[PDB]
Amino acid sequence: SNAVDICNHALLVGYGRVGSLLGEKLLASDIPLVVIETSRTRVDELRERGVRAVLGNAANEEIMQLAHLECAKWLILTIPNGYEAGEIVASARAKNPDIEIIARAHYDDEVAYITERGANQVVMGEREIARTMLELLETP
């Protein structure tokens, strides 16, 4: 079907370095999870493991419908390009003011672009690197 029936779920875009770590934790926490991936290999792996996964690009409206964006509680973007992410965020937000949207970025101008398009939270890798390094340096 390439389709899901579930609602009130975390809709996770990407299952690479970032998404796989979120996925594994979300699954442990019994938060209903649907993953969208462009990678056939990753979708096949996820399905083999009993995780709901929709194959396709999250920028495609039919793919979002297949993944039940309309009734998801969270939209979590873990793709690396912040402009691409911003476009997805814009489209999701237009259709639902309430959905919690979290996205990845790597540059300040991406953060701004994504935030302007309605994300609740943007997580910038390089800021988290600096913050975590400072935490290590400040530890006795």
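The first residue of the sequence shown is number 1, and the count goes up from there.
Higher mean CA B-factor, judged across 48-56 and 106-114 from the recorded values: 48-56. The question of which stretch, 24-32 or 62-70, has the higher mean Cα B factor is settled in favour of 24-32. When the CA B factors of the chain's modelled residues are split into thirds, the value for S91 lands in the highest one.
When the modelled residues of the chain are ordered by C-alpha B-factor, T41 sits in the highest third.
Per-chain ranking of the deposited C-alpha B factor places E138 in the middle third.
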